[PDB]
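A.B. asks:
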Ligand code: SF4
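Residue numbers (the entry's author numbering): 1 to 85.
#1: Quick one: grab the DSSP three-state call for residue 61.
#2: Could you give the residue range of the alpha helix (DSSP H) that holds residue 29?
#3: Quick check on DSSP: helix, strand or coil for residue 46?
#4: Pull up the distance between the alpha-carbon of residue 82 and that of residue 23, whole angstroms please.
#5: Contact between the segment 40 to 52 and the segment 69 to 78: three or more CB pairs below 8 Å?
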């Protein structure tokens, strides 16, 4: 299941960032941000990401923009950008 500190679709920042766990049914293709095809784009390959979170699982990891909380790796937000590294 999602962890207690999962970033909710209803989270005020998620609402600003257009985060969705369902990256597929997020503004991915709509935004079509360059670097990697939307299909491949997720938090999993976001620049603003943290596999450096207290209580990281595997499916649920940290975001740079969401410290403390946990994003789904296979989810996406508008502030994506490919990994620069
Ligand atoms: S900034 Fe990146 S890791 Fe954070 S929610 Fe957005 S896409 Fe995911």
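Even for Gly, the Cβ is constructed at its ideal location relative to N, Cα and C.
C.D. replies: So, to answer that:
#1: strand
#2: 28 to 31
#3: strand
#4: 15 Å
#5: yes
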